[PDB]
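These values consider heavy atoms only, across backbone and side chains, with no hydrogens, waters or symmetry-generated copies. For ligands, and for the atoms within them, numbers begin at 1 and follow the listed sequence. Just so we're on the same page: letters track the sequence lines, and every chain starts at 1.
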Amino acid sequence: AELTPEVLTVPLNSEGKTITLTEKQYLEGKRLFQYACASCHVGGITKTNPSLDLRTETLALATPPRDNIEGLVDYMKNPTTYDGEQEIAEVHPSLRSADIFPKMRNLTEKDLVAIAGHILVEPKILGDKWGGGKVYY
Amino acid sequence: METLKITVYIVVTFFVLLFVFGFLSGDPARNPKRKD
Amino acid sequence: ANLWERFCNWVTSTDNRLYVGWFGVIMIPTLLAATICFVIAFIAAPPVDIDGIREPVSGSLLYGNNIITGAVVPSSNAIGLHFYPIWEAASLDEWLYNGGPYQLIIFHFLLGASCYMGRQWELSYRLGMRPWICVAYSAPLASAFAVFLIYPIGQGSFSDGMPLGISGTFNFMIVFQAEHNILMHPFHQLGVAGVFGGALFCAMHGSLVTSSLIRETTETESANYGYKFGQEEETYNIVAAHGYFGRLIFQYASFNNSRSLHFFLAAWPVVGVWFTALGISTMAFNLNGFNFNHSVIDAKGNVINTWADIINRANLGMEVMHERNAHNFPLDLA
Amino acid sequence: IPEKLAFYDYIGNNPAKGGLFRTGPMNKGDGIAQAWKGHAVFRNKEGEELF
Amino acid sequence: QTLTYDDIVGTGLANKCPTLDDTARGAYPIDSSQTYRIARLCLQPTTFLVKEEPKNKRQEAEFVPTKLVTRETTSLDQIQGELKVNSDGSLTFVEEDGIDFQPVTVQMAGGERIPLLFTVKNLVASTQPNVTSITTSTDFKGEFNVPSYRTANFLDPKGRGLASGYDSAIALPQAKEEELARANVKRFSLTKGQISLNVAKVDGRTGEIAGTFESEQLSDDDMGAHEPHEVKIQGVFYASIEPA
Amino acid sequence: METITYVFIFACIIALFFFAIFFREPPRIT
Amino acid sequence: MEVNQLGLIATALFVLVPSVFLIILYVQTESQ
Amino acid sequence: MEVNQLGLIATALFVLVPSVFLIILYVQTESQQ
Amino acid sequence: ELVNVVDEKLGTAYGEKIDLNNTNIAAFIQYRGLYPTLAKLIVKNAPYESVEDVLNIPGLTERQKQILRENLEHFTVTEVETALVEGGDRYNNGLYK
Ligand code: CLA
Ligand code: CLA
Ligand code: CLA
Ligand code: CLA
Ligand SMILES: C=Cc1c(C)c2cc3nc(c4c5[nH]c(cc6nc(cc1[nH]2)C(C)=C6CC)c(C)c5C(=O)[C@@H]4C(=O)OC)[C@@H](CCC(=O)OC/C=C(\C)CCC[C@H](C)CCC[C@H](C)CCCC(C)C)[C@@H]3C
Ligand SMILES: CC(C)=CCC/C(C)=C/CC/C(C)=C/CC/C(C)=C/CC/C(C)=C/CC/C(C)=C\CC/C(C)=C/CC/C(C)=C/CC/C(C)=C/CC1=CC(=O)C(C)=C(C)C1=O
Ligand SMILES: CCCCCCCCCCCCCCCC(=O)OC[C@H](CO[C@@H]1O[C@H](CS(=O)(=O)O)[C@@H](O)[C@H](O)[C@H]1O)OC(=O)CCCCCCCCCCCCCCC
Ligand code: HEC
Ligand SMILES: CC1=C(/C=C/C(C)=C/C=C/C(C)=C/C=C/C=C(C)/C=C/C=C(C)/C=C/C2=C(C)CCCC2(C)C)C(C)(C)CCC1
Ligand code: OEX
Ligand SMILES: [Cl-]
Ligand SMILES: [Cl-]
């Protein structure tokens, strides 16, 4: 098996447009995810609220949906609750709240998509492991 | 308990003074060779 | 002369069957207290709520244990690191429940064993000896401080010290592996080399001295009577043992200096054991063993398990089952 | 009638009903006493009290 | 006075309810057009008594004294709820929330340990009718729930439980399951308790009261595995009433 | 009965310590 | 505790028999 | 038969202990001459 | 005479659907728009006679009543099981990942 463009092709928006990624961008978005997010989201779980993971299926049923890049990039600017009714940038890192979450201050728009595509790619690779927790380690 | 506490404190103290004063009593001279 | 001096001379007397000394003045009463409390608790102590969850663990023979399952049980997690003398309890009944005998025993013992060490120095000074035996004993002593003192400190509770029991000791080892991966720690690898290598060199030194005993007896008597005590001369030909072992391997892998040979035998296990006790003492602060879980992956990103990944599945089963009613939240942070 | 008194009035607690190699406590033999059943009264068909 | 955490810590006083002066024997008027609440209710046990198992002959079982072995961990406090005025004039308190349970272990002569969930959960305590003011002769009587001492996830030493765990005795693979059922099958009990609160000190200025309480409830039965004991708990209580 | 057996053997060993120390063959110097 | 009842006799003879062997051999050394 | 289980430990000790005693004294009697 | 009440419950509709009177609040993540806002409301008002009494919860917005309608087929109600709802277990049942 290898890292291919069909692997690296993830939903861009909910209109079913897609985008294909490079080796460089997936690895780029792995590094940034490690840097900025994995302290809480290692392997697709959420340590501080294990009821919400980054499985693409969970991301799908979010309001708004987040199983695409634009939805994810938006969440990283203006995060909401699962159901969409509450902005939570006061506690969840985001560009909006980069004055209290410093690690976000220097993230470019090209960076947030790198991370989103990583998130959307990684479960194509690992399947159940991603978002599964220790049962699958 | 109070009684027990006081008795343990005194016991511990007595034993600790024996120890300090024993090594202060020219412990370096006590040996089978040169008495400094 | 005067009283204080007649007593000082009795204390430091080299004619007592057992040396007392000033270290011995602290050692004796504290070992006596530890030993008497331990014998009574092992036999008769009622159950002890070790994990602070009102789930008492029976450790004593009269409450259904045998020699292998019994133990004096660590004090409760609700105590954590607080001092808990008998006088701090409202009743012996409370004290027994919350695990007080464990605190009484390990402090009197740690204290009395540290003075054992000083006593070894003290009698060597009265005897005109070189002083460093006590240095060797410091390797076991240090190991005991680790499981009974240092590890509770780093983890915030004497409830996580080693139990005073055969099975309780295994309990402590298994939970240590899940929470720290001690098998993957180099200091414990240094400890195994410590004691395998010690036993090796023990079997070797004995086997090679016994091989080179000088015919002093006939075939019907123990060879052992070929040695008499305090005899001026040696009872084995070291030149002969070097010639045998120097050829078993090669000539310079073999010791021919008696002094170099014994210092080697002292230093190997002492150092190794220093390292494994240093290793328990630094895992007390959660600086844990090597972690190579999901360290090998293929072109696409699939995890190619190694033996380290199999170890982690074991570790994980210990992790999720230990202290099964004691965790309310998803991480076990101490 | 206090039970303790009626329990004395029972040959099972008579010390001269034992046996040399019948070992252990009295409870190993007739068992552990639990309750008094009451004082038993026998009458024939005529209604005479019988002993 | 206005003491602080650092004044109190380690002293045993965190397990004590507040008290009112020998001289607070006044009375707090109840404006029936008005609404009320207990802003803080505190219950502090001072003695635990267990009913003894009278033998088959029996005659009578008494409540025997017991030794507390779990330290100053026993009090119920920060309890809140609304004090309604009923139509016959009585006052009824309805608990909402609060630290309204403490697990407790006491020990009977001979060495038997008796755990119990000392609780007033869902308490509902009422006064006699036509109470226009609360006084140093006012009483409430009430009932509460006592849930199982362990809850559904609790596993036993062989790994058995209700919402989780082994459902059999796995160390005895081919034993007859039949005599093991009461220990294989975890049951979750919910029983009722009873409590009387006797107001004996009132401070009508501040709205505080203080008195004694005595409750009766069952001890832990260990998810069905043995029979519980009857337990009687006595202690003191303190309350603060505010206009709602 | 089993507790009694464990404690009896333990007790015998303590007795053996006592004799082995205080009633040892006294070593001497030929 | 439902322990094995031959355990007592097994422990007892496990102690007694080899201990008698040693005592027999020590005492008859001391008397020659 | 439903027999006394200490009967066995009892008989064994009844036999062994006086016997070992007699043997110990006999063998050290022979070791003299 | 002695049964595991939780095991019995898995043979009821609790075992197929979200039991509005019993199920832990994390099960509402399964469907779009219920979590967390309405999950809290469902549970806080929990004990219901029929699944549809849930449309009568005070304060529902009109989008809320419509989401619930969309997800009435995924709900059921059974008798409250004491072991399932005590201990605040509906809010946290000890299960994480
Ligand atoms: C060499 C003797 C010795 C030593 C060093 C210890 C040491 C200890 N014992 Mg042991 N103990 C001993 C002999 C000894 N014991 C004997 C012989 C008995 C049987 C009677 C006991 C019975 C015993 C019990 C029953 C308990 C201990 C406990 C302790 C611990 C704390 C004792 C304490 O509070 O010290 C406090 C001591 C001091 C503050 C004195 C310090 C020395 C200064 C220089 C003097 C200060 C003046 C002093 C306050 C004046 C005393 C009177 C005043 C209060 C009115 C400590 C590990 C307790 C324990 O293990 O808790 C976990 C415990 O519960 N011990
Ligand atoms: C098949 C045989 C075998 C061999 C060769 C080893 C070898 C080793 N194991 Mg291992 N072990 C074995 C079986 C074996 N084990 C078994 C059956 C068990 C139980 C299941 C264990 C359990 C075990 C544990 C728990 C640990 C080890 C560790 C070690 C290391 C230290 C060994 C040591 O200090 O011994 C003492 C021996 C000496 C002091 C003599 C020196 C021996 C060395 C290795 C020879 C050097 C080779 C030489 C340079 C080449 C030729 C020289 C010539 C050119 C002059 C070493 C790699 C430790 C480890 O993993 O460290 C990585 C450790 O943590 N072992
Ligand atoms: C082949 C496999 C193997 C081997 C060889 C070892 C070897 C070792 N392990 Mg490891 N271990 C293993 C597998 C193995 N382990 C596995 C699989 C696990 C995971 C489950 C662990 C988990 C583990 C832990 C968690 C610990 C070890 C420790 C140790 C060391 C124990 C010896 C020690 O501390 O001596 C040191 C000497 C002493 C402890 C003795 C103190 C003596 C006192 C001072 C005197 C007591 C006197 C007594 C009370 C009275 C006697 C009087 C009498 C005459 C009447 C040693 C290097 C321990 C260690 O490193 O300790 C620091 C430790 O804590 N191991
Ligand atoms: C005066 C001494 C005395 C007395 C009166 C008792 C009395 C009692 N004991 Mg106690 N006991 C004693 C000494 C005594 N004990 C001693 C020394 C010990 C330690 C060995 C014990 C250990 C002990 C235990 C462990 C138990 C008792 C129990 C009992 C009770 C019932 C015992 C029973 O069934 O006997 C049975 C008696 C016999 C079958 C008679 C045996 C006589 C033999 C046959 C004589 C041997 C003959 C000889 C070899 C012939 C050769 C002679 C010729 C060649 C020269 C009873 C209250 C029991 C009880 O109920 O406790 C709650 C129990 O379990 N005792
Ligand atoms: C588990 C392994 C282990 C044990 C048990 C052990 C034991 C001992 N080693 C001693 C010595 C030594 N061991 C040495 C090197 C080593 N020792 C090693 C490993 C061990 N050594 C290793 C691997 C090495 C090589 C580095 C040296 C160099 C020495 C000595 O010099 C010394 C000695 O004298 O050798 C003859 C003795 C210390 C006597 C003493 O302190 O009396 C004081 C205390 C007494 C007498 C009574 C204590 C009773 C207490 C209160 C009992 C209750 C509390 C216990 C801790 C309960 C524990 C329960 C267990 C089941 C865990 C003792 C026999
Ligand atoms: C088909 C064919 C090829 C057949 C032809 C066969 C043929 C004739 C062979 C040709 C020769 C040849 C070698 C061919 C090539 C093959 C070859 C290279 C073989 C490889 C063999 C092999 C890998 C062996 C590895 C070596 C190994 C075992 C380790 C050595 C390491 C080593 C030095 C360890 C010992 C360490 C050490 C010194 C321990 C001390 C222990 C100790 C404390 C001792 C105590 C002690 C010591 C004393 O000292 C004295 C005094 C006394 C008192 C005493 O107590
Ligand atoms: C580039 C990286 C940076 C570099 C880093 C360098 C670090 C290396 C440090 C060098 C250390 C110096 C050597 C040690 C001191 C010394 O030689 O000892 C003194 C003697 C002197 O040797 C004896 O020497 C004698 C003469 S004399 O005393 O030297 O003068 C002679 O009489 C005798 O025959 C002979 O055996 O040495 C020995 O007797 C020989 C064996 C030496 C064994 C090593 C010592 C310690 C072993 C512990 C190992 C722990 C393993 C843990 C296991 C789990
Ligand atoms: C801990 C401090 C966190 C860090 C660092 C990051 N996130 Fe997070 N994330 C956290 C929580 C508590 C939650 C739940 C929010 C809620 O609704 O209460 C989340 C959630 C997300 C989601 C939503 C996933 C879903 O299932 O709907 C996403 C997509 C997400 N987080 C992404 C994310 C990224 C990319 C981060 C790095 C830049 C990151 N999070 C940091 C906690 C924490
Ligand atoms: C004087 C002197 C000396 C000596 C000393 C001594 C000898 C001491 C002793 C001491 C001791 C001798 C001590 C003791 C102690 C003890 C203890 C401290 C114990 C405790 C115990 C306990 C507390 C227990 C309890 C219990 C249990 C555990 C269980 C069951 C129940 C009961 C409760 C009983 C010398 C020579 C040095 C010199 C100097 C002088
Ligand atoms: O107690 Mn004893 O053990 Ca060290 O981690 Mn946390 O805590 Mn408990 O858990 Mn895992
Ligand atoms: Cl555990
Ligand atoms: Cl926790």
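- Taking only nitrogen or oxygen atoms, main chain and side chain alike, C/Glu323 reaches within less than 3.5 Å of ligand 10.
- Distance check for atom 15 (N) of ligand 2: every protein heavy atom is found at 4.0 Å or beyond.
- Inter-residue side-chain proximity for E/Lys186 and I/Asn4 is flagged as unmet; no heavy-atom pair is nearer than 4.5 Å.
- Two residues are said to be in side-chain contact when any heavy atoms from C-beta on lie closer than 4.5 Å; C/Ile105 and C/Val72 meet this criterion.
- C/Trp274 and C/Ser138 share a side-chain donor-acceptor pair at under 3.5 Å.
- Heavy atoms of C/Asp51 found under 4.0 angstrom from ligand 10 belong exclusively to the side chain.
- In this structure the side chain of C/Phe176 reaches within 4.5 angstrom of the side chain of C/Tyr151, judged on heavy atoms.
- For the residues C/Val192, C/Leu200, C/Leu183, the heavy atom positioned nearest atom 58 (C) of ligand 2 is part of C/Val192.
- Below 3.5 Å of separation, one finds an N or O of C/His322 facing an N or O of ligand 10.
- Looking at C/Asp160 and atom 2 (Mn) of ligand 10 together, the shortest N, O or S contact belongs to OD1.
- Between C/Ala334 and ligand 10, a contact under 3.5 Å exists for at least one N or O pair.
- The nearest protein heavy atom to atom 37 (C) of ligand 2 is closer than 4.0 Å.
- For atom 41 (C) of ligand 2, no protein heavy-atom neighbour is present inside the 4.0 Å cut-off.
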